[PDB]
């Protein structure tokens, strides 16, 4: 599973430019699915099996990133966020653009007074990206306005933990792929690798009896994160307790609990403080979400795959 996770987390796929991730998914699934198609919205749909019950597993394919919005007369790029990237996570980071260009993130201000004022109230308009260009025309041919970029960070093992960009939600994609690689399905099993619509803009078309979202959830097990209901690395898949869950959705949750208990699979119940298909959410606990170094525990990922295979497999 390690190489699968490496390939999916390192793949280039910010919102709108996900073709490399779709291709890796399809190449990983060759020989393990009965068919596939891309729907009208760009969602990748795969399937395997023929049992009477139909179940969807869905995971988001997009990753956070940046988009180039302007180019100055000296070749420096202005950017805005794609998804939830904090400007604080970009300071001094390297960005990888779609065509392979590497850029360095800098912050405006020279005196100690102005830099400290800037960093205390850091916004994207105080950042720029240096791609080594010396003029606008040179930068425009290298990295035109509208180009997308993502963290120039990759996969690494950190004493048994896995660290990479885009664990949210490429680890969910990896779980679904691995289930398809291993499973002899007792159901008709769909995998949906879904694109995200921009916040402020306007189901996957396949009918099914159940849908299970494979997501990440924040792992609240770092220093001074002393809270009740905390999800922790190595505590197993996080099963989401939704306040307004339908009767049918609660039945799915109960099924997964009984499966995990029956087969000695670690799990934890996610309670949050403060579509039409019956649904459940199973999440991988993840530290440092939306940073270049999101961290997961491989045993949680294995336990999640095991849970889904027990529940859906022959």
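Numbering follows the first chain given and starts at 1.
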- Of the deposited residues between residue 202 and residue 203, the number without coordinates is 4 to 9
- Looking at residue 274 and residue 275, the deposited sequence has unmodelled residues in between totalling 10 or more
- Looking only at C-alpha temperature factors in the entry, 113-121 or 77-85, the higher average sits in 113-121
- Using the B-factors recorded in the PDB entry, average over the C-alpha atoms of 255-263 and of 242-250, then report which stretch comes out higher. 242-250
- Message: Looking at the C-alpha B-factor values in the deposited entry, which of 194, 164, 217, 134 comes out highest?
- Response: 134
- Top residue by Cα temperature factor, when 146, 172, 237, 149 are compared in the entry: 146
- Query: Going by the entry, which third of its chain does the Cα temperature factor of residue 23 land in?
  - Reply: middle
- Report the third (lowest, middle or highest) to which the CA temperature factor of residue 64 belongs, ranking only the modelled residues of the same chain. middle
- Task: Would you please rank residue 298 by its C-alpha temperature factor against the other modelled residues of its chain and give the third it falls in: lowest, middle or highest?
- Result: middle
- residue 16's Cα B-factor: lowest, middle or highest third of the chain? highest
- Task: Within this chain's modelled residues, let me know which third the CA B factor of residue 57 belongs to: lowest, middle or highest.
- Result: lowest
